[PDB]
Each structure stands twice: as structure tokens, then as C-alpha cells.
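Below, chains carry the letters A, B, ... as their sequence lines are ordered, and counting in each starts from 1. Heavy-atom basis, side chains included; hydrogens, waters and symmetry copies ignored.
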Amino acid sequence: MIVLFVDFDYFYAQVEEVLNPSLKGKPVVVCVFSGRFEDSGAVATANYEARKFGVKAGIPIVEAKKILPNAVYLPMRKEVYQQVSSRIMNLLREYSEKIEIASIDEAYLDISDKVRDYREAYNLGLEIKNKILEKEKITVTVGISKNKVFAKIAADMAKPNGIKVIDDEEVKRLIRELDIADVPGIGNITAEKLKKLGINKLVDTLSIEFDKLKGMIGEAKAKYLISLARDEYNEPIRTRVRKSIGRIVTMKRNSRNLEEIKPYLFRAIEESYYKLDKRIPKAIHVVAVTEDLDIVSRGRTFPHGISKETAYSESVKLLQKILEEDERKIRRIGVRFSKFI
DNA sequence: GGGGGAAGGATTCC
DNA sequence: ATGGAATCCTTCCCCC
Ligand SMILES: Nc1ncnc2c1ncn2[C@H]1C[C@H](O)[C@@H](COP(=O)(O)OP(=O)(O)OP(=O)(O)O)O1
Ligand SMILES: [Ca+2]
Ligand SMILES: [Ca+2]
Ligand SMILES: [Ca+2]
């Protein structure tokens, strides 16, 4: 089975460059302003020009300006990048019937019933890159292999504006050479739990006794890794379906006062419902980020669909349950709707 | 013993 | 140090 993974380069930033090519060449940082103080907030992402100096996704905007004070700082326009994304996805949908849209700028393609060996995959890779570039002026990285996981890893290795093939032969080498902290789905937490287990490479999972793994990282994560290590990982590409919709906003100041939070919560609801569009949810969760950036939530599933009125009343109840079940001051507050009928 | 759910949390990642 | 969403884990619960 051959998988071709497509990942758009510094997406949010590259799009801002697209909508105003005068930006190209200069440091571009797309920010998410929390509105607590002048430049409060974090970086959604930045182009390589700015990234070469440490300015990247996740760091505070203030930390970015202290490094590249003259870089161009733009507020994140999620709706725009989303529409540009869709168009490009449709484009891909023409190279394969089998398409999995992993994120706002990622997608795996099953080109098995469309290609023989990796040579034809490579060409198709370029042919697609070219297409997208000519159609939307967007550069992307392409990764190809026997399964999704490796297809992705291939792309990571070739970023940016790259293309790479990881044939069954190299797959063997990486299962021994690849740091397992570079295996998708393995973050710092799992990384350190694997380090304390002597597993630095994928193959190291082969030594360890299963039951021991399942206990340190979990059965699912355990079986996952073992499969990859056995060169037997082989999940299929399938259409993903939006399972939840919601919004969470940062409050000007941190509160613990019901009446002070409410307005923020109601706004999260309103927008959430607009995003629902046609969807009617049976479950609603109130999510709160406490002063010490911890995340607390409370929810409830109804035996029917939830109307905006019902979400309003219930939301206030769930918030109250949070204020009385936790002592910390609430920093961010929002809602999450799920279990669509 | 074990088949569901539901709830709250933990992890990862785009 | 923003904000959106899937997945998986543990625990509690109801009951055959
Ligand atoms: N921490 C984050 N906060 C908000 N948005 C994020 C964050 N991390 C990633 N994103 C969003 C914006 C990114 O452009 C987008 C698409 O893919 P992603 O791999 O995450 O970044 P990117 O487009 O810059 O990738 P690349 O390294 O190839 O440039 O996901
Ligand atoms: Ca990308
Ligand atoms: Ca990506
Ligand atoms: Ca990692």
C-alpha cells in the first residue's frame, strides 16, 4: 500500500504571503492576541525567515517581538486559511478517491490503485505539488511510503517545499535509527516514559515485555508502537468526521465571579452554535482554564438535541459546578458541543 | 465477570 | 503561552 502525505508549508503564514506577496522575504508571524495586555498571546506560526531565529508556534508574542521586533506581526485569520485549505483539498481529491484530511493543512492519499512502485509515486508527488503551486501559489511538502505514519515522517524529514520517499528498505533502517520521540503521537510525556524504559528507538519496543509497556504508556499506544516496530503498522485512509465543535475565549482579567464570566461564556456559545451550522448536539461540556493554566471541565449528555436556550441555562449550571468544585480563579472559559444526532 | 455508557482527565498535534 | 479537536485512560454506575 502506498500512501502519499501532503503538508502545506508554514500554512497560515504562507497564506498571508499569498494575499499580499509584498510580505514574502520578510519575517512573518501570525499571532493569536488574547487581549489581556497590548501584545499578550501566543504565536500560531511564522515563516522560516522568522523561524530561523527561534520565533515559532507556541511561544508568547512578547517573546517573539523581543527577538524580531521588526518582523511583521499579523492577527490569525482562521476563516481565510480554512477556505484556502478546502480548495486545495478538493484539488487533491482529484488524485485519489481515498483521502484523509488529518488537519487544516494535512492530508493522506491512498494512491495504490493509481501507481506502480515508488517511481510513479514520486512523479505524482511533483505533479501534485506543481498543481497546487500553480493553482493557489502554495508550496507544500510531500511524503510517500507504505503507511500513513511513515508517509508523514517522510514529509517531516523533507520540510519545507520538499518531497521524499521512504521505501520498504529505508523503513527498515528508521525502525532502528529513528528516535522514537520523532514518531507521530509521541510527545514529551510518552518520550520520557519510554526513556525510563530503555526504548530510544522504535525497535527497542521489541525487547520489552508487552504487559510492561501497556502499564507505562497504555495498551493502545503500546500496540501502536509495536506494530510500527514490527513493520506491520497498516491503518487505512478514511474520511474523518467532525465529532465536536466549540470555542474557548481568554478573559480580560482572571475571575471567579459568575456574572463576570457569563458574558464570555455566552459568546463562546453563540459562536459555537453558528459553527454548528446545521448540526444538533446531544452533549455539552463547559471547559475552563484555571489561573495556573490547568484545564477543568464539566458536561452532560441529553437524551435529545440541545437548543441554544438549553445550552445557555445548562452552561451556567456546569460553570457553577466548576466554580464550586475547584478553588482556582478561571482564566479562560468556553463550551464544547458533541454527539451530533 | 463483563457488556455498555457517561464523565472528567491526560496526551498529542495542527 | 492561543485555541481547536481527536483519542485514549481511569473510574463510577447499572445490571444481567
Ligand atoms: N501551537 C499552535 N497554536 C495555534 N495554531 C497552531 C499551532 N501549531 C500549529 N498551528 C497551526 C498553524 C499552522 O500553520 C498550521 C498548519 O501546520 P503546522 O504543521 O502545524 O504548521 P506550519 O504550516 O507552519 O508547518 P511547517 O513546519 O511545515 O511550516 O497549524
Ligand atoms: Ca504545514
Ligand atoms: Ca501539518
Ligand atoms: Ca515528538
Problem set entry | Polar side chain donor-acceptor pair, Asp110(A) to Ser112(A), under 3.5 angstrom | yes
Problem set entry | Gap between atoms OH and P, on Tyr12(A) and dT2(C) respectively (whole Å) | 16 Å
Exercise. Over how many whole Å does the gap from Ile189(A) atom CD1 to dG9(B) atom P extend?
Worked result: 17 Å
Exercise. Within 45 degrees of the axis of the six-membered ring of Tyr233(A) and under 6.0 Å from its centre: does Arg230(A) put its NZ or CZ there?
Worked result: no
Problem set entry | Criterion salt bridge (charged side-chain N to carboxylate O under 4.0 Å, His left out) on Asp326(A) and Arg328(A), from CA distance to verdict | CA-CA 6 Å; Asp326(A) 195 306; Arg328(A) 281 86 61 74; 2.5 Å; yes
Exercise. Side-chain N or O of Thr301(A) less than 4.0 angstrom from OP1 or OP2 on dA7(B)?
Worked result: yes
Problem set entry | Residue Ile245(A), side-chain heavy atoms: nucleotide from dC14(B), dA5(C), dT2(C) that is nearest | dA5(C)
Problem set entry | Pairwise 5' ranking along DNA chain C for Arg242(A) and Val43(A), keeping only the more 5' one | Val43(A)
For this session: Would you please test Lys78(A) and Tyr12(A) for side chain to side chain donor-acceptor pair (under 3.5 Å) and show each step?
Result: CA-CA 8 Å; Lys78(A) 186 87 155 176; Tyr12(A) 291 10; 2.9 Å; yes
For this session: Could you check whether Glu63(A) gets within reach of a base, just the sugar-phosphate, or nothing at all, counting any heavy atom under 4.0 Å?
Result: nothing
Please write out each protein N/O paired with an N/O of nucleotides 12-14 of chain C under 3.5 Å, distance rounded to 0.1 Å.
none

For this session: Please check the phosphate of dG8(B) (OP1 and OP2 only) for any side-chain N or O of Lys321(A) closer than 4.0 Å.
Result: yes
Exercise. Within the structure, does a side-chain N or O atom of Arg247(A) lie under 4.0 Å from either OP1 or OP2 of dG3(C)?
Worked result: no
Seminar exercise, completed: Of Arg240(A) and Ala220(A), the one whose closest nucleotide on DNA chain C sits nearer the 5' end is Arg240(A)
Problem set entry | Sugar-phosphate, base or nothing in reach of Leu293(A), heavy atoms under 4.0 Å | sugar-phosphate
Exercise. Between atom CE in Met216(A) and atom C1' in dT11(B), what is the gap in whole Å?
Worked result: 15 Å
Exercise. Taking only Watson-Crick and G-U wobble pairs with both distances under 3.5 Å, what dot-bracket line describes DNA chain B, where [ ] shows pairs that cross earlier ones and | shows pairs with another strand?
Worked result: |||||||||||||.
For this session: Classify the nucleic acid contact of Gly58(A) as base, sugar-phosphate or nothing, counting any heavy atom under 4.0 Å across all strands shown.
Result: base
For this session: Would you mind reading off the distance between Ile101(A) atom CD1 and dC13(B) atom P, rounded to a whole angstrom?
Result: 20 Å
Seminar exercise, completed: Quick note, salt bridge (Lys or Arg N to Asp or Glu O under 4.0 Å) partners involving residues 186-204 of chain A, not counting sequence neighbours, are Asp179(A)-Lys195(A)
Exercise. Under 4.0 angstrom, heavy atoms only, what part of the nucleic acid is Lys193(A) near: base, sugar-phosphate, or nothing?
Worked result: sugar-phosphate
For this session: Respond yes when some side-chain nitrogen or oxygen of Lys339(A) is under 4.0 Å from OP1 or OP2 of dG5(B), and no when none is.
Result: no
